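> For reference, the structure I am asking about is given below.
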Amino acid sequence: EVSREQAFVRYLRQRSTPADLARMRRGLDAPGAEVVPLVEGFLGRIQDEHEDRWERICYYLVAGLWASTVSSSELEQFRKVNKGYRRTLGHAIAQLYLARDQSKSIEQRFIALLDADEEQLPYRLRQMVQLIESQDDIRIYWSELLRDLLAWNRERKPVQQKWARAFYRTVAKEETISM
Ligand SMILES: [Hg+2]
Ligand SMILES: [Hg+2]
């Protein structure tokens, strides 16, 4: 059923107050450093012995980005193999890429994103989400985003692999949808 990242996002949707969102937003430059009881509560109900500074950064970052959203797709998320890829940020980014005439600068910004280390990531992701949110119609699956960020430092780099494949798979798909 409901994975922990799903549960997390549901909880933010159901329980956040406007004050929480203000804090979540404010913490964007140093996620975790701006404490939000709501989030702390959720992390304090699992973490145990994973002083995982990463986890805390990822949760808080997703909170902040989510708390910043403007997408029409989030207005829907209040009512409600291939599925794998569409649900990843790679797919969202490709959609943005195609919306802007297959713009090489998005592709580059995207490659740069896949190169990020832990320190670079919160910043580059924040810029990309921002770009994505400029297009009205593109959904970002937050729970998948969080799961993916959590696994960023895995060894043969599966998330980054996964994203890349989603991106080029979507682009290719469009070159077929057109005839
Ligand atoms: Hg992160
Ligand atoms: Hg979601």
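Letters for chains follow the order of the structure tokens (A, B, ...), residue numbers begin at 1 for each chain, and ligand numbers begin at 1 in the order shown.
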So which residues touch residue 135 in chain A within 9 Å, counting only C-alpha atoms, skipping near sequence neighbours fewer than 4 positions away, as a VMD selection string?
chain A and resid 71 96 99 131
> How close does each residue of chain A get to ligand 2, giving the shortest atom pair and distance in Å to one decimal for every residue with an atom at most 8 Å away, counting only C-alpha atoms and all ligand atoms, sorted by chain and residue number, as CSV?

```
residue,atom,partner,partner_atom_place_in_ligand_line,distance
A:6,CA,ligand 2,1 (Hg),6.7
A:9,CA,ligand 2,1 (Hg),6.6
A:10,CA,ligand 2,1 (Hg),7.9
A:77,CA,ligand 2,1 (Hg),7.1
A:140,CA,ligand 2,1 (Hg),7.2
A:141,CA,ligand 2,1 (Hg),4.3
A:142,CA,ligand 2,1 (Hg),4.4
A:143,CA,ligand 2,1 (Hg),4.7
A:144,CA,ligand 2,1 (Hg),6.9
```
> Where in range 111-163 of chain A does DSSP assign helix (DSSP H, G or I), given as number ranges by chain?
A: 111-115, 121-134, 142-150, 158-163
> Would you name the residues within 6 Å of ligand 1, counting only C-alpha atoms and all ligand atoms, and put them as a ChimeraX atom specification?
/A:57-58,122,149
> Now that the selection is made, can you save its residues with C-alpha atoms as a PDB file, in the first residue's frame?

```
ATOM      1  CA  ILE A  57      17.753  17.340   3.878  1.00  0.00           C
ATOM      2  CA  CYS A  58      15.640  15.413   1.376  1.00  0.00           C
ATOM      3  CA  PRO A 122      19.412  20.984  -3.472  1.00  0.00           C
ATOM      4  CA  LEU A 149      16.334  12.000  -3.787  1.00  0.00           C
TER       5      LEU A 149
END
```
